[PDB]
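I have placed the structure first, in the form of structure tokens, so that the comments after it can refer back to it.
Cβ sites come from the backbone with ideal geometry, for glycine too, and all protein chains shown count toward neighbours. Derivation of every value follows stated rules applied to the coordinates shown; laboratory data play no part.
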Amino acid sequence: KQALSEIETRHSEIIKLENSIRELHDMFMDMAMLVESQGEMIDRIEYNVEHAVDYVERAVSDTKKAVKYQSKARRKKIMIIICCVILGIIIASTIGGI
Amino acid sequence: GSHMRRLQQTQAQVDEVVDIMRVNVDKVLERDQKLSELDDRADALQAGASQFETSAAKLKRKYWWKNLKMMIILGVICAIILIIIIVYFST
Amino acid sequence: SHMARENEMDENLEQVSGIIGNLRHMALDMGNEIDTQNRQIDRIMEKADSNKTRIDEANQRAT
Amino acid sequence: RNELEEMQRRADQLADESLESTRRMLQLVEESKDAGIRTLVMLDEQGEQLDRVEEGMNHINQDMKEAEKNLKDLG
Ligand SMILES: NCC(=O)NCC(=O)NCC(=O)O
Ligand SMILES: NCC(=O)NCC(=O)NCC(=O)O
């Protein structure tokens, strides 16, 4: 009757342990679940950013070119005027000769 | 007899690890919000980058075109100056 | 027998104890890590706020 | 001695029931360890993903700072 009273006490608590372990099991199971669920949401973030970076990288070089061509066309606009000043001088050099 | 301290120990451990995981889910639960908000700015950026992308490709073609016309016009006008420089020098 | 039955359920109950030792250890890292990843995302969203302002502004200056 | 027989039959009953829940515990804890490591490894892989995503904003920032310089040379 004594040995039984000390067993019903162990058995009682050994289960208090189990039921508290399942609780810890789910804490660990639901953990791996949420982290796997967020894992794909990260793939899209990474995706959209590695694209956003690609786009900007392309877009930035274009601008660099745009300024180059502009600076080219700017030089030519000057050459042209110079030539027209030369033609006006020619035209005025004939009308200026009767 | 030690078969009761073992339970008072092991159960002590467990409670502690569970007290920890409650917190750990609160940290993951925030990582879901912090993470979900960044998925939005990631998409709301690849879009504006794809837009500024096109707006950059446009300015490029615009000045390549603008440049082309100049060389042509220079071509003709320089041909003219050439013609003249030749007729009044070819005997 | 049953005297070994106890001796066995105590010998593996011993393991339970130790593995739970690991679990705590792990849950502490699993936390200190998410404490850094939630720190990162908080920062990344700031940099990525600076860059949407950097792009919305430049993209409207091309017009 | 049936009085003590049914009091020691339900005592060898508590014996197995306890070693059985000790078998079960051992498992739940084993899985909790696996499931725990999986979680830790994932955060490690996703840890790098975020590492990359941050390099991203850095790159983008340095570039947008350049495309800034350029569009200034375009009035
Ligand atoms: N500098 C010239 C350049 O950056 N790209 C020229 C090109 O590939 N153009 C494509 C097209 O003409 O459609
Ligand atoms: N505008 C420079 C020129 O002389 N021709 C235009 C051209 O061929 N563009 C193509 C390129 O730059 O690759």
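Numbers for the structure displayed
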read-out	value
Pairs, first over 12 Å from D:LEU50 (Cβ atoms) in the range A:34-49, second part of a helix (DSSP H, G or I), C-beta under 6 Å, six or more apart	A:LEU34/B:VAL28; A:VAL35/D:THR39; A:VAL35/D:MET42; A:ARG44/B:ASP39; A:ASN48/B:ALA42; A:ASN48/B:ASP43; A:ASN48/B:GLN46
Residue that is farthest from A:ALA52 (Cα to Cα) [pool: residues in the range B:45-68 that are among the basic types (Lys, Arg) and within 16 Å of ligand 2 (Cβ to nearest atom)]	B:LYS66
Enumeration of residues in the range B:44-73 that are among the hydrophobic types (A, V, I, L, M, F, W, C) and either within 16 Å of ligand 1 (Cβ to nearest atom) or surrounded by 18 or more Cβ atoms within 10 Å (Cβ to Cβ) (or both)	B:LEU45, B:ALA49, B:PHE52, B:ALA56, B:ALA57, B:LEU59, B:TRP64, B:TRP65, B:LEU68, B:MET70, B:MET71
Selected residue (criterion: surrounded by the fewest Cβ atoms within 10 Å (Cβ to Cβ)) from residues of the range B:16-33 that are in contact with an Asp or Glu (Cβ under 8 Å, 6 or more places away or on another chain) and facing chain A (nearest Cβ under 10 Å)	B:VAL25
Checking A:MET33 against (1) more than 7 Å from every other protein chain (Cβ to nearest Cβ); (2) under 27 Å from B:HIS3 (Cα atoms), the condition it does not meet	(2)
The range B:74-91, residues that are more than 30 Å from D:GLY75 (Cβ to Cβ) and surrounded by 14 or more Cβ atoms within 10 Å (Cβ to Cβ)	B:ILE80, B:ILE81
Answer from A:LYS68, A:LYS72 - the residue that is in contact with a helix residue (DSSP H, G or I) (Cβ under 7 Å, 6 or more places away or on another chain), part of a helix (DSSP H, G or I), over 30 Å from B:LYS34 (Cβ atoms) and of a type in the set (D, E, K, R)	A:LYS72
Failed item, numbered, when A:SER71 is tested on (1) within 16 Å of ligand 1 (Cβ to nearest atom); (2) surrounded by 15 or more Cβ atoms within 10 Å (Cβ to Cβ)	(2)
Filter result (more than 7 Å from every other protein chain (Cβ to nearest Cβ) and closer than 12 Å to B:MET21 by Cα) within the range C:5-27	C:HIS25
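Here is a yes/no grid of residues against (1) surrounded by fewer than 12 Cβ atoms within 10 Å (Cβ to Cβ); (2) assigned to a helix (DSSP H, G or I); (3) in contact with a helix residue (DSSP H, G or I) (Cβ under 6 Å, 6 or more places away or on another chain); (4) not polar (S, T, N, Q):
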| site | (1), (2), (3), (4) |
| --- | --- |
| D:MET25 | no, yes, yes, yes |
| D:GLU30 | no, yes, no, yes |
| D:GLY36 | no, yes, yes, yes |
| D:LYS65 | yes, yes, no, yes |
